[PDB]
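J.: My structure is stored as target00.cif, with mmCIF, C-alpha atoms.
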```
data_structure
loop_
_atom_site.group_PDB
_atom_site.id
_atom_site.type_symbol
_atom_site.label_atom_id
_atom_site.label_comp_id
_atom_site.auth_asym_id
_atom_site.auth_seq_id
_atom_site.Cartn_x
_atom_site.Cartn_y
_atom_site.Cartn_z
ATOM 1 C CA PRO A 1333 8.332 -13.515 -4.567
ATOM 2 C CA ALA A 1334 7.329 -12.438 -1.081
ATOM 3 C CA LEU A 1335 6.794 -9.101 0.629
ATOM 4 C CA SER A 1336 10.181 -7.518 1.283
ATOM 5 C CA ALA A 1337 10.586 -3.970 2.579
ATOM 6 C CA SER A 1338 13.923 -2.506 3.612
ATOM 7 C CA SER A 1339 12.371 0.038 5.975
ATOM 8 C CA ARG A 1340 9.192 0.392 7.960
ATOM 9 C CA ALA A 1341 8.668 3.657 6.064
ATOM 10 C CA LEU A 1342 8.380 2.029 2.643
ATOM 11 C CA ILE A 1343 5.923 -0.606 3.815
ATOM 12 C CA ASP A 1344 3.902 2.112 5.559
ATOM 13 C CA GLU A 1345 3.652 4.127 2.366
ATOM 14 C CA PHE A 1346 2.761 0.970 0.440
ATOM 15 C CA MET A 1347 -0.075 0.209 2.856
ATOM 16 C CA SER A 1348 -1.367 3.770 2.596
ATOM 17 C CA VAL A 1349 -1.308 4.246 -1.194
ATOM 18 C CA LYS A 1350 -1.551 1.084 -3.272
ATOM 19 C CA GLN A 1351 -1.124 2.394 -6.812
ATOM 20 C CA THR A 1352 1.295 5.320 -6.560
ATOM 21 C CA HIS A 1353 3.755 3.843 -4.056
ATOM 22 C CA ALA A 1354 7.345 4.044 -5.214
ATOM 23 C CA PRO A 1355 8.866 0.607 -5.881
ATOM 24 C CA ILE A 1356 12.480 1.774 -5.587
ATOM 25 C CA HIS A 1357 13.408 4.556 -3.217
ATOM 26 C CA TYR A 1358 16.841 6.209 -3.065
ATOM 27 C CA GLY A 1359 18.460 3.197 -1.448
ATOM 28 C CA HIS A 1360 15.502 1.188 -0.167
ATOM 29 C CA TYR A 1361 13.256 -1.121 -2.151
ATOM 30 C CA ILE A 1362 10.038 -3.083 -1.835
ATOM 31 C CA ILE A 1363 8.847 -6.336 -3.421
ATOM 32 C CA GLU A 1364 5.156 -7.176 -3.743
ATOM 33 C CA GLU A 1365 4.223 -10.831 -3.461
ATOM 34 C CA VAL A 1366 2.858 -12.420 -6.640
ATOM 35 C CA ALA A 1367 1.505 -15.746 -5.420
ATOM 36 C CA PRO A 1368 -1.667 -17.717 -6.187
ATOM 37 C CA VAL A 1369 -2.835 -17.131 -2.622
ATOM 38 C CA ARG A 1370 -3.836 -13.481 -2.274
ATOM 39 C CA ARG A 1371 -3.779 -12.542 1.384
ATOM 40 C CA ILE A 1372 -5.368 -9.565 3.135
ATOM 41 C CA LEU A 1373 -2.998 -7.185 4.919
ATOM 42 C CA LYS A 1374 -4.633 -5.640 7.992
ATOM 43 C CA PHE A 1375 -1.994 -3.198 9.225
ATOM 44 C CA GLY A 1376 -3.994 -0.967 11.531
ATOM 45 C CA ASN A 1377 -7.309 0.166 10.109
ATOM 46 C CA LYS A 1378 -6.200 0.278 6.475
ATOM 47 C CA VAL A 1379 -6.368 -2.869 4.353
ATOM 48 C CA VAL A 1380 -4.794 -3.955 1.049
ATOM 49 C CA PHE A 1381 -6.099 -6.995 -0.834
ATOM 50 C CA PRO B 1333 6.590 2.134 -32.030
ATOM 51 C CA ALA B 1334 7.355 -0.163 -29.105
ATOM 52 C CA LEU B 1335 7.786 0.467 -25.385
ATOM 53 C CA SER B 1336 11.219 2.050 -24.955
ATOM 54 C CA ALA B 1337 12.329 3.990 -21.884
ATOM 55 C CA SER B 1338 15.795 5.379 -21.250
ATOM 56 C CA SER B 1339 15.824 4.558 -17.535
ATOM 57 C CA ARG B 1340 13.866 2.662 -14.922
ATOM 58 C CA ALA B 1341 12.579 5.924 -13.439
ATOM 59 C CA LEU B 1342 10.424 6.616 -16.480
ATOM 60 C CA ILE B 1343 9.117 3.071 -16.772
ATOM 61 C CA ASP B 1344 8.159 3.125 -13.086
ATOM 62 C CA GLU B 1345 6.446 6.504 -13.380
ATOM 63 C CA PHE B 1346 4.570 5.219 -16.417
ATOM 64 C CA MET B 1347 3.521 2.077 -14.581
ATOM 65 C CA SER B 1348 2.366 3.782 -11.390
ATOM 66 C CA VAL B 1349 0.406 6.673 -12.925
ATOM 67 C CA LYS B 1350 -0.816 6.051 -16.455
ATOM 68 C CA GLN B 1351 -2.231 9.381 -17.628
ATOM 69 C CA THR B 1352 0.097 12.115 -16.415
ATOM 70 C CA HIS B 1353 3.473 10.408 -16.606
ATOM 71 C CA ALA B 1354 5.976 12.698 -18.262
ATOM 72 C CA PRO B 1355 6.490 11.581 -21.868
ATOM 73 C CA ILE B 1356 9.875 13.314 -21.808
ATOM 74 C CA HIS B 1357 12.109 14.223 -18.887
ATOM 75 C CA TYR B 1358 15.212 16.408 -18.764
ATOM 76 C CA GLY B 1359 17.497 13.975 -20.551
ATOM 77 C CA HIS B 1360 15.432 10.789 -20.557
ATOM 78 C CA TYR B 1361 12.412 9.889 -22.666
ATOM 79 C CA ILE B 1362 9.742 7.212 -22.967
ATOM 80 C CA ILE B 1363 7.326 5.970 -25.632
ATOM 81 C CA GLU B 1364 4.028 4.180 -25.158
ATOM 82 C CA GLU B 1365 3.464 1.496 -27.750
ATOM 83 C CA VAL B 1366 0.818 1.773 -30.462
ATOM 84 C CA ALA B 1367 0.169 -1.615 -32.040
ATOM 85 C CA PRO B 1368 -2.933 -3.330 -33.435
ATOM 86 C CA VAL B 1369 -2.705 -5.780 -30.555
ATOM 87 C CA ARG B 1370 -3.060 -4.415 -27.033
ATOM 88 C CA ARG B 1371 -1.244 -6.181 -24.215
ATOM 89 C CA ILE B 1372 -1.690 -6.109 -20.450
ATOM 90 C CA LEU B 1373 1.485 -4.908 -18.763
ATOM 91 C CA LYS B 1374 2.011 -6.372 -15.290
ATOM 92 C CA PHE B 1375 4.588 -5.179 -12.762
ATOM 93 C CA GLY B 1376 4.506 -6.437 -9.217
ATOM 94 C CA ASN B 1377 0.764 -6.277 -8.739
ATOM 95 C CA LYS B 1378 -0.074 -3.167 -10.742
ATOM 96 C CA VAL B 1379 -1.590 -3.647 -14.181
ATOM 97 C CA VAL B 1380 -1.726 -1.206 -17.093
ATOM 98 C CA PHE B 1381 -4.029 -1.899 -20.028
ATOM 99 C CA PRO C 396 -6.683 -22.978 -42.089
ATOM 100 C CA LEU C 397 -8.400 -20.111 -40.256
ATOM 101 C CA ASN C 398 -5.752 -19.916 -37.528
ATOM 102 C CA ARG C 399 -3.757 -17.439 -39.568
ATOM 103 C CA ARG C 400 -0.447 -16.095 -38.294
ATOM 104 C CA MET C 401 -0.283 -12.312 -38.572
ATOM 105 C CA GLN C 402 3.106 -10.584 -38.714
ATOM 106 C CA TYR C 403 4.037 -6.958 -38.200
ATOM 107 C CA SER C 404 7.177 -5.040 -37.326
ATOM 108 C CA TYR C 405 8.253 -2.935 -34.345
ATOM 109 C CA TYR C 406 10.896 -0.232 -34.133
ATOM 110 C CA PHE C 407 12.395 1.827 -31.335
ATOM 111 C CA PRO C 408 15.419 4.120 -30.977
ATOM 112 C CA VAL C 409 18.221 4.254 -28.433
ATOM 113 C CA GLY C 410 20.859 6.891 -27.780
ATOM 114 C CA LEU C 411 19.030 10.109 -28.659
ATOM 115 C CA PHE C 412 20.012 13.566 -27.442
ATOM 116 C CA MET C 413 17.461 16.180 -26.427
ATOM 117 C CA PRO C 414 17.992 19.858 -27.329
ATOM 118 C CA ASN C 415 19.639 22.069 -24.749
ATOM 119 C CA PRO C 416 16.752 24.252 -23.456
ATOM 120 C CA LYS C 417 15.281 21.300 -21.579
ATOM 121 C CA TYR C 418 11.934 20.913 -19.822
ATOM 122 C CA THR C 419 9.903 18.470 -17.738
ATOM 123 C CA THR C 420 6.297 17.861 -16.816
ATOM 124 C CA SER C 421 6.312 15.309 -13.952
ATOM 125 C CA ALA C 422 6.563 16.539 -10.378
ATOM 126 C CA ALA C 423 7.677 13.185 -8.974
ATOM 127 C CA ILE C 424 11.041 11.967 -10.194
ATOM 128 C CA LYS C 425 14.258 13.323 -8.647
ATOM 129 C CA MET C 426 17.094 11.555 -10.444
ATOM 130 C CA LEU C 427 20.002 12.993 -8.360
ATOM 131 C CA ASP C 428 22.066 13.590 -11.509
ATOM 132 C CA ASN C 429 23.148 16.887 -12.948
ATOM 133 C CA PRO C 430 20.184 17.971 -15.091
ATOM 134 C CA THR C 431 21.996 19.881 -17.827
ATOM 135 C CA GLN C 432 24.522 17.179 -18.709
ATOM 136 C CA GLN C 433 22.643 13.882 -18.625
ATOM 137 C CA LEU C 434 22.382 11.675 -21.698
ATOM 138 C CA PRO C 435 20.764 8.280 -22.353
ATOM 139 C CA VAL C 436 23.078 5.424 -23.232
ATOM 140 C CA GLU C 437 20.796 2.382 -23.043
ATOM 141 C CA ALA C 438 17.184 1.420 -23.681
ATOM 142 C CA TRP C 439 14.712 -0.681 -21.704
ATOM 143 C CA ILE C 440 12.104 -2.888 -23.382
ATOM 144 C CA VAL C 441 9.227 -4.821 -21.812
ATOM 145 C CA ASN C 442 9.310 -8.438 -22.965
ATOM 146 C CA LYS C 443 6.441 -10.649 -24.108
ATOM 147 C CA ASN C 444 6.210 -12.106 -20.594
ATOM 148 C CA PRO D 396 -9.187 -37.433 0.553
ATOM 149 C CA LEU D 397 -10.346 -34.194 -1.097
ATOM 150 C CA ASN D 398 -8.971 -32.011 1.717
ATOM 151 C CA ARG D 399 -5.584 -31.447 0.099
ATOM 152 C CA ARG D 400 -2.479 -29.388 0.777
ATOM 153 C CA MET D 401 -0.373 -27.330 -1.614
ATOM 154 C CA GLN D 402 3.335 -26.635 -1.194
ATOM 155 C CA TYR D 403 4.882 -23.421 -2.522
ATOM 156 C CA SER D 404 8.372 -21.996 -2.436
ATOM 157 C CA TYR D 405 8.554 -18.412 -1.220
ATOM 158 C CA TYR D 406 11.391 -16.317 -2.589
ATOM 159 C CA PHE D 407 13.004 -13.515 -0.738
ATOM 160 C CA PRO D 408 15.792 -10.922 -1.151
ATOM 161 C CA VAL D 409 17.837 -9.288 1.578
ATOM 162 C CA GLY D 410 20.850 -7.017 1.690
ATOM 163 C CA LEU D 411 21.016 -5.667 -1.855
ATOM 164 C CA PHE D 412 22.645 -2.457 -3.056
ATOM 165 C CA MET D 413 21.343 -0.167 -5.791
ATOM 166 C CA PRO D 414 23.511 1.487 -8.463
ATOM 167 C CA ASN D 415 25.017 4.873 -7.800
ATOM 168 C CA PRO D 416 22.849 7.205 -9.941
ATOM 169 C CA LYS D 417 19.960 6.805 -7.510
ATOM 170 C CA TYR D 418 16.424 7.960 -8.281
ATOM 171 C CA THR D 419 13.069 8.054 -6.505
ATOM 172 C CA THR D 420 9.494 7.946 -7.746
ATOM 173 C CA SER D 421 7.316 9.136 -4.836
ATOM 174 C CA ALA D 422 7.813 12.421 -3.013
ATOM 175 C CA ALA D 423 5.962 11.548 0.203
ATOM 176 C CA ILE D 424 8.671 9.477 1.899
ATOM 177 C CA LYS D 425 11.187 11.585 3.808
ATOM 178 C CA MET D 426 14.384 10.354 5.450
ATOM 179 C CA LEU D 427 16.882 12.424 7.390
ATOM 180 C CA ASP D 428 19.772 10.277 6.184
ATOM 181 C CA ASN D 429 21.779 11.352 3.153
ATOM 182 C CA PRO D 430 20.503 9.716 -0.060
ATOM 183 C CA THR D 431 23.888 9.106 -1.673
ATOM 184 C CA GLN D 432 24.983 6.617 1.005
ATOM 185 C CA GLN D 433 22.172 4.309 2.131
ATOM 186 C CA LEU D 434 22.432 0.564 2.573
ATOM 187 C CA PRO D 435 19.867 -1.867 4.019
ATOM 188 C CA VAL D 436 21.154 -4.479 6.473
ATOM 189 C CA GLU D 437 17.794 -6.043 7.373
ATOM 190 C CA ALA D 438 14.634 -7.234 5.670
ATOM 191 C CA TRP D 439 11.039 -6.807 6.828
ATOM 192 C CA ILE D 440 8.345 -9.373 6.071
ATOM 193 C CA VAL D 441 4.651 -9.682 6.809
ATOM 194 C CA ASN D 442 3.853 -12.720 8.951
ATOM 195 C CA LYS D 443 0.797 -14.952 8.562
ATOM 196 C CA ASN D 444 -1.180 -12.992 11.172
#
```
Would you put the structure from the file into structure tokens?

T.:
Amino acid sequence: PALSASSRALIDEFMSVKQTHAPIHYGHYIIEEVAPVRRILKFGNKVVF
Amino acid sequence: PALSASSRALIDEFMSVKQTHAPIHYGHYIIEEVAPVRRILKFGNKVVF
Amino acid sequence: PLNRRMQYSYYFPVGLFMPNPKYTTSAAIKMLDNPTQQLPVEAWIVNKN
Amino acid sequence: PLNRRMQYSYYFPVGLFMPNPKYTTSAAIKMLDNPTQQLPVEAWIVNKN
């Protein structure tokens, strides 16, 4: 699976808080990539491994 | 006892925050398993041991 | 002969009803249902994989 | 000959709808749209860069 976010808001809140982000919002959802290559996301200053 | 949750809300709140997830909600409940083997639970990227 | 296979049981309920003076302890989840009337009908189990 | 290349298949959802009894897990996200009727028509991905 690959990174899928229905809204910019969900992916923002994922980037901010890695552990406590909500996977399923009221109608919007997010999918975190599980792939043998682990890439670094550099949105702005904040970074998620 | 084995891992049994009445809805996906409780399993997601267990997976995101381990300690202070509500063991029982208004009408929905959840049980953490207690077994001589201990298994790593993986969801998305988050991992609960 | 020292690769013994160890067997033990598991058990878990489904369909229980909480008493009427209900309570919570998690500030997060907002299930959008009516709180006083909700009842669990199914169970969710985390598989071996 | 040792400089090799690996081929993966990346999997990706778009345009799904969630069941009606909708729930959330995180309180931070705020949307001015009504939660009962929300439907995503797009999908956001992270590019290589």

J.: Grab the atom CA of residue 423 of chain C to atom CA of residue 421 of chain D distance for me, in Å with one decimal place.

T.: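 Going from atom CA of residue 423 of chain C over to atom CA of residue 421 of chain D covers 5.8 Å.
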
J.: Kindly extract all protein, DNA and RNA residues lying within 10 Å of the coordinates (13.2, -0.4, -30.0) given in the file, considering all atoms listed in the file, and supply them as a list in words.

T.: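 It turns out the residues near that spot are residues 1333, 1334, 1335, 1336, 1337 and 1363 of chain B; 405, 406, 407, 408, 409, 438, 439 and 440 of chain C.
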
J.: Return the Cα root-mean-square deviation, in Å, for chain B superposed on chain A by least squares with the Cα atoms paired in order.

T.: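 Once chain B is overlaid on chain A, the RMSD is 0.4 Å.
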
J.: Which chain C residues are at most 12 Å from chain D (counting only C-alpha atoms), as a list in words?

T.: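 Matching residues, ligands excluded from the count: residues 421, 422, 423, 424, 425, 426, 427, 428, 429 and 433 of chain C.
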
J.: Give me, as a list in words, the residues of chain B touching chain A, with the criterion being at most 8 Å (counting only C-alpha atoms).

T.: residues 1344, 1348, 1349, 1376, 1377 and 1378 of chain B

J.: Can I get the selection written as a PDB file, in the frame of the given file, with C-alpha atoms?

T.:
```pdb
ATOM      1  CA  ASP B1344       8.159   3.125 -13.086  1.00  0.00           C
ATOM      2  CA  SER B1348       2.366   3.782 -11.390  1.00  0.00           C
ATOM      3  CA  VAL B1349       0.406   6.673 -12.925  1.00  0.00           C
ATOM      4  CA  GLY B1376       4.506  -6.437  -9.217  1.00  0.00           C
ATOM      5  CA  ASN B1377       0.764  -6.277  -8.739  1.00  0.00           C
ATOM      6  CA  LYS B1378      -0.074  -3.167 -10.742  1.00  0.00           C
TER       7      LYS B1378
END
```

J.: Using the file's own x, y and z axes, what box holds all listed atoms of segment 1343-1347 of chain B with 8 Å on each side, keeping edges along x, y and z, and what are its centre and edge lengths in Å to one decimal, as lines of an AutoDock Vina configuration file?

T.:
```
center_x = 6.3
center_y = 4.3
center_z = -14.9
size_x = 21.6
size_y = 20.4
size_z = 19.7
```

J.: At what distance in Å, to one decimal, does atom CA of residue 413 of chain C lie from atom CA of residue 1359 of chain B?

T.: 6.3 Å

J.: For the atom pair atom CA of residue 399 of chain D and atom CA of residue 1368 of chain A, what is the interatomic distance in Å to one decimal place?

T.: 15.6 Å

J.: Write out as a CSV table (one decimal) with C-alpha atoms, in the frame of the given file each polymer residue whose atoms come within 8 Å of residue 1360 of chain A, counting all atoms listed in the file; drop sequence neighbours fewer than 5 positions from it.

T.:
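To be explicit, this is the file written out as out25.csv:
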```
chain,number,residue,atom,x,y,z
A,1337,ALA,CA,10.6,-4.0,2.6
A,1338,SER,CA,13.9,-2.5,3.6
A,1339,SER,CA,12.4,0.0,6.0
A,1342,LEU,CA,8.4,2.0,2.6
D,433,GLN,CA,22.2,4.3,2.1
D,434,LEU,CA,22.4,0.6,2.6
D,435,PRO,CA,19.9,-1.9,4.0
```

J.: Taking 4 positions as the minimum chain separation for residues in the same chain, which residues sit within 12 Å of residue 444 of chain C when counting only C-alpha atoms? Answer as number ranges by chain.

T.: B: 1371-1375; C: 440
